[PDB]
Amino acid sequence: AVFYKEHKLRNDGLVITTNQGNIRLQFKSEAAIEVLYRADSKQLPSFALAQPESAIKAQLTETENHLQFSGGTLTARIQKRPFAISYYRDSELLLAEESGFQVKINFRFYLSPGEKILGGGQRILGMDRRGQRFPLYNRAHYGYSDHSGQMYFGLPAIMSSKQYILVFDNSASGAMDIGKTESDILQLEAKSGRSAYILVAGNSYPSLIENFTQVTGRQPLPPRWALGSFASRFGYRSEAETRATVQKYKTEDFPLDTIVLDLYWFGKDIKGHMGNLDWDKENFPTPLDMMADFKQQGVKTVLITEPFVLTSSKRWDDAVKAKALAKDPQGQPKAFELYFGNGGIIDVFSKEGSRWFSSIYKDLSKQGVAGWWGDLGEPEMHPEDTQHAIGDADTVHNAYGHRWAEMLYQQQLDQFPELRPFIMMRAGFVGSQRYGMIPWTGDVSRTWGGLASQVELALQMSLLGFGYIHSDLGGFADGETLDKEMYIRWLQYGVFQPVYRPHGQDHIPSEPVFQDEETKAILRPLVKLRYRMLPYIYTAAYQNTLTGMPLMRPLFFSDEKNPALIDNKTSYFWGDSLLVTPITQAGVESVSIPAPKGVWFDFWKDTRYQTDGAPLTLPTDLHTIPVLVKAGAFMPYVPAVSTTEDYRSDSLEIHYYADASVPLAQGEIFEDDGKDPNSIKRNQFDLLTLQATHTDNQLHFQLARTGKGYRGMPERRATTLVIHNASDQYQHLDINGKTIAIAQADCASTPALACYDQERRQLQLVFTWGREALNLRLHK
C-alpha cells in the first residue's frame, strides 16, 4: 500500500515523497526519463547513462488525483492513490507500473495485450522474449548451439512494439520475467544495487534508437581497419607461427588487416601464466620486431588480456603489493580456483587496480600493440564474497566489463589521442558502446545450430546499442574435423555482418587461408568483396556513430505496422540496401525470402523481381548466399586492397539500381582518413551525396561533396556509374549541360564515356567527380 504525500522541484528534477520514501524523476533528454526510487539513500551510480548528472527543463502540472511531468515527447503520469507512474508519448500509453517498486529490489509493470518484447541482450529464445523469464547475470555458455537463457552479455533492457526502450539501471545479480509467471506482468529484480529505471520513447524504431544512444552513449567511429580481415585462432603458439600466418595471407592472396594473438603470447600452456601480461620469450623471442615487420605489411597486432592474475604468475606479488586485486571481507587479496589455476581478479573499480592495469596496457601499446581483446569479463568466475572498491561481486557483476572498457578506452585516448581505440570484449553493460566496445557472441559450437543463432543474437544486441556485434566465423568450440559446408556458409554470412573475424580452437583451422582449394576459390572473392565494399560498410558505421542506427537491421524495420515481422530472425538488412538471408542448414537447394513489397534485384545475377507481398523463391548455390538489392540503391565500390592501410577512393565504381517504382533515391559515401577520432566533430571528412530523380522520360543524377576534406583526400575521383535495369530508350546524356551520345555497342571494349549494354540492360557512365556539383541527365 503506497501513496503520494508531497513533491518538490529541485534543479529541473521532480522529487516525490510517498509513505515509503523519495523518488527522483529527471528527464535526460526530451524522450528519455530516469526514475530513481530510494533517492534519499546511498546507491551505486548510474552505469547506463552517458551524462548521469544531466536533467533538462520539463513542465509540471497538478490535478486532484494525478501529477504530470513532461518533456518534449515523453510524459510521466503519476497517479497519487494508489501510487503508480505510467508513461505516455503524446497521449499513447507506453508503459504503466503495476505495484511498481517493492522492498531485494523489484519492479513490476503491466504488459498490454499483443505487446511484443525484444531484449535481454544475448539469449537464444526467439526474437519476441515475452513469455520468457531469465537471469541478469553475465555468464559463459561454452559450446552453445540453438538455445540459451543465459550467456556472456546480458543487457538489463527491453524494446517493445509500442516503440519504447526500458532500462533497468542496475548492475547486480538479477532476473527479468517478461509475462512468464504472470501473463500481463513484466517484472525486473535484483539482489542489490541501484533502484532505478530509464524509459526512452520514439516515433519510429530508428528515432527510438537515436534517442536511446543519445542518453546511453554513441559508439565512436572505430578505425577503418576494424572493418577488415582478421587472422585469428586459439591460438598461435609462437612468433614463427604468427609470422607464417601473416605470410600465408600474402602467399594465398587473401586480404589481411589484423592478426590476433591468444593466450600463448604470455605462456606456453593454457594453465598457470595468466596475469604474466608480458611476452613469453622462449616462443615470442623478438616481439617488437614482429609487430614492426607486420606494420610494414600494413598488418596490426591485437593481444588478448583477461581480468585475472594467477598466484603462479610473475605479477602476483606485485599486484598484491600494489593493492590492485579485489579483496575478501578480511582485507587481503581474494584468490579462487579458475580453470587456469588459483588466482585473483583485478579491481578495475579501484584507483589502484585501474592505475596498475592501465600502466601495463600503456607499456605494451608503446611496444607496438594496435588493439586489445579483453576476454572473460563476465567475470567468468566471480565468487560472491569478492569485494570491489564500490561493492561486492554480486552487486557490481554486470558492470565489471563495462568499467574495464571505460578504463582501457580512457587509457588509449590518453596515450594516443590521434588514434581510435580498438577494444574487443565479451561482456559489458548498457552504454558500453560509448567506450568503443566491440562485442562477439562467445564460444559458439561448430554446428549449424551455432550459425543459425547468430542473426538473432546480432539483432538483439544491435537494437540496444551494439553495432559491431559479431560471431567467431566458422565457429569456435569442439568439433574433430572441419565441417566444410558449414564453414563456407559461415564465412559467406561473415561478409555481411560487422567484423570479419574467423576464430576457433586450433585443432581445426579458423583462418580461410588454411582451407582446401575449393573453399579458398569460393571465399577469396568474397573476402575481397568485403574490401571493395568498404565505402558501403564505413558509411553505415558513420551513420551508427551519428544516430545509433545499427549496421544489421531487422526485417521489422521494413514495416512498423506489421508486428508479426518481429519474429523473423532468418533475413536482415545489411545497411540500407541489402536484404541478406544466410543459409543455416546443409544441402538447402532453395529459400523463400520474405522481401518487403517493391522491386528487388539478385545481388549476384542482376535478376529483377517485383513483389506485392508474397515471398520470393531463390535457388541457392555453394559459391554465394541469397542477397537482394533494393531498387533505388547506390552501391559504392573501390578496388580491392590487401590492407586498409592502402585504402584509396581515387577510383570509384557505383552501381545504381533503377526502377520507375522509385522516383527519388539517395545515397551517401563517407570518406575521411580512416583513423582520426575527431574527424566527424571537426568536419575533417568528405561526404559524397548522390540523388536520383527517375521520371517517365528522364533519369537525373545530382552529385555533390560536403565537408572540409582531410589530408590526402583526392580532389578528383575517376567514377564509373553503372545503371542496372536502365531503359533502352535513353538517346542522350548531358553532363553539366555538355551533350554526349550514348554508344549502343562494344561497352566492355571501348573507352566509352557513355554506353548501353543491351544484353545486360546496364548503362555505364565514366566521368570525373571533382569538388564542384555535377549533374548527369539522361533523356529519351
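When you see a residue number, it is the position in the sequence shown, counting from 1. We call the rigid core the largest set of C-alpha positions that still match within 1.5 Å between the two forms.
Engineer: Out of 165 to 173 and 335 to 343, which one drifts farther from the shown form in 6 other deposited structures of this protein in terms of CA positions, with the fit done on the rigid core?
Structural biologist: Looking at 165 to 173 versus 335 to 343 in 6 other deposited structures of this protein, the farther one turns out to be 335 to 343.
Engineer: Relative to the deposited sequence, how many residues with no modelled coordinates occur between residue 103 and residue 104 (none, 1 to 3, 4 to 9, 10 or more)?
Structural biologist: Missing in between: 1 to 3 residues.
Engineer: Of 186 to 194 and 288 to 296, which one has the bigger average CA B-factor?
Structural biologist: That would be 186 to 194.
Engineer: Tell me which stretch has the larger mean Cα B-factor in this entry, 269 to 277 or 326 to 334.
Structural biologist: Here the higher of the two C-alpha B-factor means belongs to 326 to 334.
Engineer: Of the choices 239, 645, 696, 653, which one's C-alpha carries the largest B-factor in the record?
Structural biologist: Highest C-alpha B-factor among the listed options: 696.
Engineer: Which listed residue, 407, 488, 413, 628, has the largest C-alpha temperature factor in the record?
Structural biologist: It is 413.
Engineer: Would you mind checking where the Cα B-factor of residue 635 ranks among the modelled residues of its chain, as the lowest, middle or highest third?
Structural biologist: For residue 635, whose C-alpha B-factor we compare with every modelled residue in the chain, the answer is the lowest third.
Engineer: Classify residue 92 as lowest, middle or highest third according to the C-alpha B-factor given in the PDB entry, relative to its own chain.
Structural biologist: It belongs to the highest third of the chain when residues are ordered by C-alpha B-factor.
Engineer: Which third, lowest, middle or highest, does the C-alpha temperature factor of residue 223 belong to within its own chain?
Structural biologist: Middle third of the chain for residue 223's C-alpha B-factor.
Engineer: Considering every modelled residue of the chain and its Cα B-factor in the PDB entry, is residue 720 in the lowest, middle or highest third?
Structural biologist: Lowest third, going by the recorded CA B-factors of the chain.
Engineer: Split into thirds by Cα B-factor across the chain's modelled residues, where does residue 375 land: lowest, middle or highest?
Structural biologist: Ranked within chain, residue 375 CA B lands in the lowest tercile.
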